[PDB]
Visitor: 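Mind looking over this structure? Questions follow.
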Amino acid sequence: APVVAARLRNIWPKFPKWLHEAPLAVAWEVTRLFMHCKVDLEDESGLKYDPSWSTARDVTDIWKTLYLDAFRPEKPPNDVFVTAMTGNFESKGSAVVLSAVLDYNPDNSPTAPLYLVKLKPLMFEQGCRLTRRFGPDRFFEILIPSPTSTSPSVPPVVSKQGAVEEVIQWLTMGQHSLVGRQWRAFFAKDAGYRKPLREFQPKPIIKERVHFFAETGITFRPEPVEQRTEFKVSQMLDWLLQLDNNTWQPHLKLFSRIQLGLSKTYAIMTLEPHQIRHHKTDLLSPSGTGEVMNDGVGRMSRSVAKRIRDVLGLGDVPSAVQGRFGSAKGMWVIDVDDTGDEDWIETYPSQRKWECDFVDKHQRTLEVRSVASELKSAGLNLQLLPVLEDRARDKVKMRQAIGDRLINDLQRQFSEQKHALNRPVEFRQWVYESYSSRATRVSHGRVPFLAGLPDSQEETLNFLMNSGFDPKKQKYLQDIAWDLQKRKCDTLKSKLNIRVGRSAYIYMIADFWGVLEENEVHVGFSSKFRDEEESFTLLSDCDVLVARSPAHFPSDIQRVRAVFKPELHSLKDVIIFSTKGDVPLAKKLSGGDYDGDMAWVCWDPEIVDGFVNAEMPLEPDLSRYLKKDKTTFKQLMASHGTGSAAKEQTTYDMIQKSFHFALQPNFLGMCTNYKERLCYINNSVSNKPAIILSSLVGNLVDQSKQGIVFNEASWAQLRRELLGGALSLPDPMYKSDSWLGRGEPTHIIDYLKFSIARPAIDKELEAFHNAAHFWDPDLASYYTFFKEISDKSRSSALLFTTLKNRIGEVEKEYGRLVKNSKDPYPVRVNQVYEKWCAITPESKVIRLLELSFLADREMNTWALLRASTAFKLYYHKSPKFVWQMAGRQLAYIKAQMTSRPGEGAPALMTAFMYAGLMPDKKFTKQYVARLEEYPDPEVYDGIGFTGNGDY
Amino acid sequence: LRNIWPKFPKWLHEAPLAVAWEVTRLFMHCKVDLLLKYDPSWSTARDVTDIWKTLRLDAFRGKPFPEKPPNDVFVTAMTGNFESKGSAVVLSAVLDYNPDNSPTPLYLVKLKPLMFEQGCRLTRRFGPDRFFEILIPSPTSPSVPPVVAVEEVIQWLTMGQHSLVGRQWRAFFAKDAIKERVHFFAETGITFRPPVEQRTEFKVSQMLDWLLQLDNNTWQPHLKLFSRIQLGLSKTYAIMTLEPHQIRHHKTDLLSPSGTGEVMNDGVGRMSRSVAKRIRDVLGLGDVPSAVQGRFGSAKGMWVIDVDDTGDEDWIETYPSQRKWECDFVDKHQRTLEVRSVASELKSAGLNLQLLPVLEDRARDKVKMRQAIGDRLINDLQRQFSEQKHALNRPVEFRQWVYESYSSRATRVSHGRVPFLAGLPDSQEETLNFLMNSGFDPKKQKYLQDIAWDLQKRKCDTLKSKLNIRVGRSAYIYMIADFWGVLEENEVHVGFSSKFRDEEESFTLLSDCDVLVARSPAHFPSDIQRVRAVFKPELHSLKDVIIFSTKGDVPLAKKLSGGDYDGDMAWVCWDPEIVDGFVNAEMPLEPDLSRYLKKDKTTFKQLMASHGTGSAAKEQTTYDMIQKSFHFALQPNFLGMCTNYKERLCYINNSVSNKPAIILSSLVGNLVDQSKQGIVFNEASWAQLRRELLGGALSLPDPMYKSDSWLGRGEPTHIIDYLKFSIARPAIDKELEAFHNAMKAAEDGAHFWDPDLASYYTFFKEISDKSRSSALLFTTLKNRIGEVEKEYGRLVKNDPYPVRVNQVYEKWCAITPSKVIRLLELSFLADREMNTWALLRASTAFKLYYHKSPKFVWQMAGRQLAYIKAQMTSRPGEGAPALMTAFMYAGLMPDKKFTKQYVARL
RNA sequence: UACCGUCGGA
RNA sequence: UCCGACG
RNA sequence: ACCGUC
Ligand SMILES: [Ca+2]
Ligand SMILES: [Ca+2]
Ligand SMILES: [Ca+2]
Ligand SMILES: [Ca+2]
Ligand SMILES: [Mg+2]
Ligand SMILES: [Mg+2]
Ligand SMILES: [Mg+2]
């Protein structure tokens, strides 16, 4: 399609000759500024390089020189820029990423570029093996609309014509020029439906993520970032996958293994070849079935596990980790029989995804994606409910048990909060336990504010309570707590994520020591697992349910027996399955294994007791509709022969053909939804259509790895021959907010949502509402003060009258930009906030109000008076305005006004020092007990309470 | 001994017991004789202060008020029948020798204020108002008066009723608390009849007959029988009452499978899972306790959950080893489970120095054991020193270290805030955190650096006095017996309720390892045993206890200083270095000490035979048992003297296993319960034992390690001397050397000057230059500050210290100031310390005296200097400073994970 | 019209 | 409801 | 004129 080809010639910004000597980081950031301010990099209207940029340490400094009338963007953080300039794009396991977003040009001119490009700011991301081996600067990733999209918003030039093949060819046929480097595509992955960037002029469109490698560049030589050697993608992938020994593999599967080189991992240690135990065979079934029982799982030495703890800074030695090691991926577990101190790791065939020689350091490096960490209570999901009911001996009882768990959870949640609201110290404790903000505080070094309040609703409640506000007395705080509760109730109504205290998601591991019989599992916790009035350190003498998400077949949930084996006691925060029996238990859980799969584990006796296991179903033959492309790399090489030249050309062919495969429309979501709609209509997940759809969805998830081909024609045919045909199925009633159904709900999800959840939530909300004014005379104290001065002074009255009028203008701006767009809400609030802060006195009175010697104007007396006056005028009319603009100063006033002589001292803490503090649970309990008698140990030579007296 | 008790006048006869008690206290404190009519208003009083006000009269005018009982205690005494939520109101007194040596009161009485105390079986059965306890100097006691004899005092205490606050009190129990605690029971009173106001007359002999059921216990030695009164006085939480059908009285203990006849479950019994659940509910615990120390009727000891129990039925069992007298378990209060304590989450114990001689004695290689303990001590001290030095480099790390170093929570909770003396928190720890929370840096502000140095210097002086060997993998754990027969001899089961943390390593249970178990103190070489930790899944529910085998010839608990399972706790260590070289020793043959230790085993029945038969003789015998047991309880305490002698003997001989060591160890085990066992042992027998069997020395010198500095000659030879003076002391001295050098080394170091703190001063100076009125206000402020600075130098720099500082502070707060005066004052603010004037006063004072009088500036205005620092360091767009209320600030604590994660970014 | 789950963030 | 990382 | 625990 030639018309598209013309539109595929000028997509990338040009690299001007005047930037040819700039570092990669400056070249990237200058290019970004010109694109943002719509200035041509080749404009001759006078551009020449500035040597100051080469030694720069802030992006703003480079941009200031540019901000010329033509110039007069989001900035990379200074730490990232310094790492890009001096740190060789790496810092403490973090890599500097070069990434861009593309969208279809809304200009339909035949000469116009098809895509518009937004280069993203330099950012840090976890490194991977390929970046560690070749350098983060040699990698570039984009999001681009999928040329196969069926969306109405696809431009006619692609939709009308050979264009999809022309777009696919543009991505992979040759090198792309950008910031002085030649980039060649090596990998692509579905990125889901993404809304186009607002700056590019709102329907979501499916996009692909494409990875490029810098094969050559101006600074490249036939290692520092500025002194790189020419290296082809074909050589890059050959280093990773050692293709000469892997030609026997289906080329689509081989291509999918590239993800192992891109996996975001923490480098722990390099092992020497003599410390690596490569096993020739997996653990096989004792029965002789041939089934593998340790798929994805191997053992590691205790010393390796200690090194992981040390490198990652863990408080404890991990029992198991999700990792990668050369060609091996999956889980590694501590060998409980290791009494030695030698570093060693073992690999199994089921872990090794290609033939690897493990020679290069980076192919002998243990990389950890995640560690098995302390567990938390989990809950149910929509997929588990129909299967639990299907396998219930008494379906009425099972439905009653799940419903009781819902009512009990809501009752406890509302009860705990209503009690905490009676005391600020107790509500602060409750709010802190409700949400986590440590990550943001650490990354920002402070509580991030939006205008005059913390960005977070929970941080706002604690910030205002810390300054003396009472959630029973101040309606604004009451409103925040109400909004937070409403959101949680809505999530329950939408997802039925019913909390089960005796439940958790745990990494699955296999028993290399043969102590577990089939149908026995071992679960030991690293610490106390709390469930209301009861606690666990292990599971024993009880039945449990295990399952994986997604669960579809009736057999995808299994009832097994928890047995604690002392031999395994050191293995904590994992669930261990038997390696005996005909079939590994993991395989029964939606085709699971031990390579990072997690199991939902439930020991709730009321949910467990009624469950009857089903046998794994005979899967229907769907080969009429599902076609498998198993062409091997060797078969692709027949087009070229043998030798280095043939291997090189074949690698680029694997990439091109895999890109074509990767870009074909995927039907996993459409088929899963059809299954939900049809199985709802039939109220069955075990009848003939349910088994067909469950078998189909299980195949569509493994599509890229298995080379499954399944297009619209095959989906139409499958529906016609085995399902309801072209008929569009309606949504289940539970997708709606109310039961519009005739009679009383009968489907378990309808019943749980409309007969149990909605009524309970309505009653608990009314009781919460039954269990406060915007007005607070303390907050009007500064206004009353100045009004008295203004009454006896004409100069003060003019200042006072100007202030009121200026506040009124900003409030109207709040109503127009926020209360009632290309600009997102935070940007719109900032715009109002900047006009608010512009309200300044612009002489002894003016000087005392301004306190100009303070760098922060928000800390002077004027800011206090401005906040008080705004409160008096708008406390009731526009509460969101007064609090969002002046909440910070309202808290200052409250803390000043509630202070009493002799009763201690309020503390003005810095933003950094405030961020590092947390509520003291022991203080809360001890203080409340004093206010309102066995000394609770967790509340009050290590020997503690052993008796009050001596008798 | 005729007029010791304050008299009760007919004018207070109708007063409620609580009113009579508190009115009597005021007269005694103010030395007014009991001018006075009962105030009817007193009957309805809900505060002692209100009763005290009516007593305006000439004799009490100006007299200092006595310590007052809290309102809740008084209201419970007036309307709550001396009981509230298991707490009992206590009538207590302290008696002292009268300084007057006149032949014409021998004791001076101080009635203590009404207070709450945990109740006991006797107070819940008869009423707290019927019990009175005193602390009286033993007549056995150079401070003793010339008049002191013992017979006269004991007869005063036990011969007859004593009159106090309208009640007749009879003594029934005594134990050593120099001072002895004596308990009295109100047998009769003015309001008593042949609720607290209307109590029936009841004799001590009847009260004791109810508790001990004397008819079925005359076979017991009366001294031992008397000791069992403690079970009735033991402070316990009542859990529940059990029906007779729910009680399983066993006739026989668990016995050795080897036919030795040894009891393997001494003191321990099983309880139903549901009984344990009730314990959790009434005590408000987070989890169901696996084990409890309690009392039930005549039974005392440990009760453990029956792991084999699947029912919801409440039941408890008792064993002969638990039951301290023949009891029928009929009365509600003899069928009530009473909890002394519960087995709760464990903490690291460390290694007590007392154990080191036995550990050295049993070491396979003594030289290696000594070097290894010294190496562990040196590494710990070096780590402590390095961590303080490193943390000082960042305020976020130092705030965390200061918080870990000291605990101010109890003070914060009782005050509802950080207590402040003048302008700064009263504590140095809270002052560093308070100032660091407003942006001050100990590396930059010398005032903080100086406090920082002074805290570490104080920590070294604490390490010098108290030597401490830290062993993370150690704990004191309640001992229990395996009722279920899964543990082999030499096998123990330990499971924890939660993660027991050692640095970098963690445990929820112990398995596949050798452990050391012992009771403190350990005397015999065999008092420490090396055994095998084996985790039995059968016992997995039993947490925060250690379970011993019930197989073998002798129970393991008995090997640990003759211990058992009645509440005894074991020191359990799983540290491989401590366990490695330890070699078990057999229990030693104990010597015959009858020539020195005399036992009185006269039974209650034999004592009654000298008075007759029938009820009248029993009553006389009960009083006779009390009198004779009083005579016994007041004899001198040789456990302390013999234990002290043993430590010195073992030290001088540097041996715990030679013949004198074993003899003394056997002797101290015998004296552990002298009153209960009826062991008579006087100074003459102690002198004979020392001369004939211990080496001849009546007096031995104190061990060198009891002194702060090395006073020995040559290199230390005793293991404890070696650790204190060859290891710890040099390492501590090196740190103090480094500290002194660092102070001397410090123009880029910490300074007193901070231009931020002069910001307000400089602001007003520019205003003052252009206005005469402002200059006059500003110059008057400067002069008044100078006046207060002078007073600080005379009063503080040089009425106690807090009162003098507070005197200067009041003058500072009196420095007080037109539109300018109004803006500075902010009079709408109730607290003037929060006004702009306080900031100016603080800033001006800092500018004038930051170099001359730094202590004055910070102690008076530190609070406002912190406000200024936090204002001045705020940057636009870099977050918002937070003004915390004093209460809300007190409830926060450093986030340990924030500190760790934030530092990692840097 | 285009899935769920785990962890982290708005 | 969006963003990142995993199955 | 003792040690330990809470
Ligand atoms: Ca898998
Ligand atoms: Ca797999
Ligand atoms: Ca005992
Ligand atoms: Ca005993
Ligand atoms: Mg699999
Ligand atoms: Mg004993
Ligand atoms: Mg005994």
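Order of the sequence lines fixes the chain letters, A, B, ..., with proteins taken first and strands second; residue numbering starts at 1 for each chain. Excluded from the calculations below are hydrogen atoms, water molecules and symmetry mates; all remaining heavy atoms, backbone and side chain alike, are included.
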Visitor: Would you please confirm or rule out a distance under 4.0 Å between OP1 or OP2 of E:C3 and any side-chain N or O of B:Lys646?
Guide: no
Visitor: So what does A:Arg487 touch, heavy atoms closer than 4.0 Å: a base, only the sugar-phosphate, or nothing?
Guide: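 Here A:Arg487 touches no strand at all.
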Visitor: Between A:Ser370 and D:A5, does any side-chain N or O lie under 4.0 Å from OP1 or OP2?
Guide: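 False: A:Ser370 side-chain N/O out of range (4.0 Å or more) of D:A5 OP1/OP2.
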Visitor: Kindly point out which of D:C6, C:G9, C:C3 is positioned nearest to the side chain of A:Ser263?
Guide: D:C6
Visitor: Could you check which of C:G5, C:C3, E:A1 has an atom nearest any side-chain atom of A:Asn673?
Guide: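 It is C:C3.
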Visitor: Hey, does B:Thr643 reach any base, or is it just sugar-phosphate, or nothing, if we go heavy atoms under 4.0 Å?
Guide: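 Sugar-phosphate contact only - B:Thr643 comes under 4.0 Å of backbone atoms but never of a base.
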Visitor: Holding to side-chain contact (heavy atoms from CB on, under 4.5 Å), I want the full list of residues that pass it with B:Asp566, two or more places apart in sequence or in another chain.
Guide: B:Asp564, B:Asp568
Visitor: Measure from the side chain of A:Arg194, starting at C-beta and using heavy atoms only, and say which of C:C3, C:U1, D:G4 lies closest.
Guide: D:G4
Visitor: Hey, does A:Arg677 reach any base, or is it just sugar-phosphate, or nothing, if we go heavy atoms under 4.0 Å?
Guide: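 Counting heavy atoms under 4.0 Å across all strands, the contact made by A:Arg677 is with sugar-phosphate only.
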Visitor: What is the distance, rounded to the nearest whole Å, between atom CD1 of A:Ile749 and atom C1' of C:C4?
Guide: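 Those two atoms, CD1 and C1', are 12 Å apart.
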Visitor: What is the distance, rounded to the nearest whole Å, between atom OH of A:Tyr507 and atom P of C:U6?
Guide: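 My rounded result for the distance is 13 Å.
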Visitor: For A:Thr440, report the nucleic acid contact type (base, sugar-phosphate, nothing); a contact means any heavy atom under 4.0 Å.
Guide: sugar-phosphate
Visitor: For a stem of at least 3 consecutive Watson-Crick or G-U pairs with distances under 3.5 Å, i pairing with j, i+1 with j-1 and so on, which stems involve RNA chain E?
Guide: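 Consecutive-pair runs (3 or more) involving RNA chain E: none.
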Visitor: Please answer whether C:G5 and A:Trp600 are stacked, defined here as ring centres separated by less than 5.5 Å and planes angled under 30°.
Guide: no
Visitor: Atom CG of A:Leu700 to atom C1' of C:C4: distance rounded to whole Å?
Guide: 14 Å
Visitor: Please determine, for the side chain of B:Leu639, which listed nucleotide (E:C2, C:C4, D:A5) has the closest atom?
Guide: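 Closest nucleotide among those given: E:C2.
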Visitor: Can you tell me if the side-chain N/O atoms of A:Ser590 get under 4.0 Å from OP1 or OP2 in C:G5?
Guide: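 Result: no.
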Visitor: Assess whether a salt bridge exists between A:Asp490 and A:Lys493, defined as any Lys/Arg side-chain N lying under 4.0 Å from an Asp/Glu carboxylate O.
Guide: yes
Visitor: Using a 4.0 Å heavy-atom cut-off, does A:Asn666 contact any base of the nucleic acid, only the sugar-phosphate backbone, or nothing at all?
Guide: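 Since no nucleic acid heavy atom lies under 4.0 Å of A:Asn666, the category is nothing.
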Visitor: Ring centres under 6.0 Å, that's the criterion: do A:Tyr507 and A:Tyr594 meet it?
Guide: no
Visitor: Reckon A:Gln383 touches a base, only the sugar-phosphate, or nothing at all at heavy-atom distances under 4.0 Å?
Guide: sugar-phosphate
Visitor: How many angstroms lie between CZ in A:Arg677 and NZ in A:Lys735, if you round to the nearest 0.5 Å?
Guide: 6.0 Å
Visitor: Return the value, rounded to whole Å, for the distance between atom CG of B:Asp527 and atom P of E:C2.
Guide: 20 Å
Visitor: How would you list, by chain and number, every residue that makes a side-chain contact (heavy atoms from CB on, under 4.5 Å) with A:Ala439, sequence neighbours excluded?
Guide: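 A:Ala439: no side-chain contact (heavy atoms from CB on, under 4.5 Å) contacts found.
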Visitor: Nearest whole angstrom, please: distance from the P of E:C2 to the CD1 of B:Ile178.
Guide: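 The distance from CD1 of B:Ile178 to P of E:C2 comes to 10 Å, rounded to the nearest Å.
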Visitor: About how many Å separate CG of A:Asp556 and CG of A:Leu384, when rounded to the nearest 0.5 Å?
Guide: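 Interatomic distance, A:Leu384 CG to A:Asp556 CG, rounded to 0.5 Å: 9.5 Å.
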Visitor: Less than 4.0 Å between a side-chain N and a carboxylate O, is that true for A:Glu459 and A:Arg441?
Guide: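 Looking at A:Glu459 together with A:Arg441, the answer is yes, because their closest N to O distance falls below 4.0 Å.
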Visitor: Using a 4.0 Å heavy-atom cut-off across all strands, classify A:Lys376 as base, sugar-phosphate, or nothing.
Guide: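 Sugar-phosphate, no base atom in range.
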Visitor: What nucleotide, of E:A1, C:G9, C:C7, holds the atom closest to the side chain of A:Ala439?
Guide: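 Taking heavy atoms from C-beta onward, the closest nucleotide is C:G9.
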Visitor: Could you work out which one of C:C3, E:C3, C:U1 sits closest to the side chain of B:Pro521?
Guide: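 Ranking C:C3, E:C3, C:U1 by closest atom to the B:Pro521 side chain puts E:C3 first.
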Visitor: Evaluate the side-chain hydrogen bond (donor to acceptor under 3.5 Å, both in side chains) criterion for residues A:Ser146 and A:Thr148: first the C-alpha distance (whole Å), next the side-chain angles of each, then the deciding distance (0.1 Å), finally the verdict.
Guide: CA-CA 5 Å; A:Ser146 169; A:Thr148 66; 2.8 Å; yes
Visitor: Any salt bridge between A:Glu367 and A:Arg129, counting N to O under 4.0 Å?
Guide: yes
Visitor: Indicate, with a heavy-atom threshold strictly under 4.0 Å, whether B:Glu647 touches base, sugar-phosphate, or nothing.
Guide: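 Result for B:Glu647 = nothing.
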Visitor: Rounding to a whole Å, what distance do you find between A:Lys495:NZ and C:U6:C1'?
Guide: 13 Å
Visitor: For the P atoms, the ones on C:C3 and on D:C2, what distance do you get once it is rounded to whole angstrom?
Guide: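 One P to the other, the span is 10 Å.
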Visitor: Taking the minimum atom-to-atom distance to the side chain of A:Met670, which one of D:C6, C:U6, C:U1 wins?
Guide: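 So the side chain of A:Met670 is nearest to C:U1.
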Visitor: Taking the side chain of A:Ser549 as heavy atoms from C-beta outward, which of C:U1, C:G5, C:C7 is closest to it?
Guide: C:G5
Visitor: Rounded to whole angstroms, how far apart are CE on A:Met123 and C1' on D:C3?
Guide: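 Roughly 10 Å, once rounded to whole Å.
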Visitor: Does B:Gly350 offer a backbone N or O that forms a donor-acceptor pair with the side chain of B:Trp571 under 3.5 Å?
Guide: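 Flag set: sc B:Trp571 to bb B:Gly350 pair under 3.5 Å.
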Visitor: Of the nucleotides E:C2, C:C3, D:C6, which has the atom closest to the A:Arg324 side chain?
Guide: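 Of all the options, the side chain of A:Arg324 is nearest to D:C6.
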Visitor: Give the nucleotide from the list C:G9, C:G5, C:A2 with an atom nearest to the side chain of A:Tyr505.
Guide: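 The listed nucleotide nearest to A:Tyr505's side chain is C:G5.
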Visitor: Please report the distance, rounded to the nearest Å, between CG in A:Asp950 and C1' in E:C3.
Guide: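 About 14 Å, once rounded to whole Å.
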